[PDB]
Amino acid sequence: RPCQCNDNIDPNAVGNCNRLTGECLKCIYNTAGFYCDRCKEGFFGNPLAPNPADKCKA
């Protein structure tokens, strides 16, 4: 983890982190927010759940 941020990013693809603001640019598990502490618009629920089945669903 080069850039500080919640645990919602993939080390495989590139760009997952913002090189200017230092914040998750594209959280992985349908989550959004400066710290991936939210749910992408369209899916609601809990973006900070241990299980992906209870994350942010429609």
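Our subject in this report is the structure included herewith.

1. Observations concerning the layout of surface pockets
Space inside the largest pocket adds up to approximately 290 Å³. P2, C3, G15, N16 and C17 are, among the 13 residues lining the largest pocket, the residues nearest its centre. Here the lining of the largest pocket is composed, by residue class, of seven nonpolar, three polar and three charged.

2. Regarding the environment of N6
Here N6 is to be found in the segment before β1 (44-45). Distance in space between the C-alpha atoms of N6 and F34 is 9.3 Å, their sequence separation being 28 residues. Sequence-distant contacts of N6, defined by excluding residues within four places in its chain, comprise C24, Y35, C36, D37 and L48. A polar side-chain atom of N6 sits 2.5 Å from a polar atom in the side chain of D37.

3. Structural notes on the side chain of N18
Tracing the backbone through its elements, the reader meets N18 in the segment before β1. The exposure class assigned to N18 is buried, which follows from its relative accessible area of 9%. Polar side-chain contacts of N18 include one of 3.3 Å to the side chain of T21. Excluding its chain neighbours within four sequence positions, the residues that come into contact with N18 are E23, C24 and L25.

4. A word on the state of the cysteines
Inspection of every chain in the model, using the stated rule, returns four disulfides. Note on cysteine connectivity: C3 is disulfide-linked to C17, with sulfurs 2.0 Å apart. Sign of the S-S torsion, about 110° for the bond between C3 and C17, identifies this disulfide as right-handed. Within this pair, whereas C3 is found in the segment before β1, its partner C17 is found in the segment before β1, the two being separated by 14 residues in sequence. In this structure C3 comes out as buried when scored by relative accessible area, which is 16%. Exposure remark for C17: the relative accessible area of 22% places this residue in the partly exposed category. Across a sulfur-sulfur distance of 2.0 Å, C5 and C24 are joined as a disulfide pair. Between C5 and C24, the disulfide has an S-S torsion of -140° and is therefore left-handed. Here the residue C5 occupies a position in the segment before β1, and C24 occupies one in the segment before β1, the gap between them amounting to 19 residues. Of the two residues, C5 and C24, both sit in the buried class.

Reading the values: the criteria
- Residues numbered from 1 in each chain as written, not as in the entry; some residues may be left out.
- Heavy atoms only, no water.
- 1 Å grid on protein atoms, 1.4 Å probe; cavity = no way out; pocket = protein on both sides within 12 Å on 5 of 7 lines; lining within 4 Å.
- Points joined across faces, edges and corners; volume = space filled by probe spheres on them.
- Nonpolar A, V, L, I, M, F, W, Y, C, P; charged D, E, K, R; others polar.
- Helix = DSSP H or I, 4+ residues; strand = E, 2+ residues; numbered from the N terminus.
- Contact = heavy atoms within 4.5 Å.
- Polar contact = N/O pair within 3.5 Å; in protein donor to acceptor, adjacent residues only side chain to side chain.
- Buried < 20%, exposed > 50% of the residue type's maximum accessible area, 1.4 Å probe, protein only.
- Disulfide = S-S within 2.5 Å.

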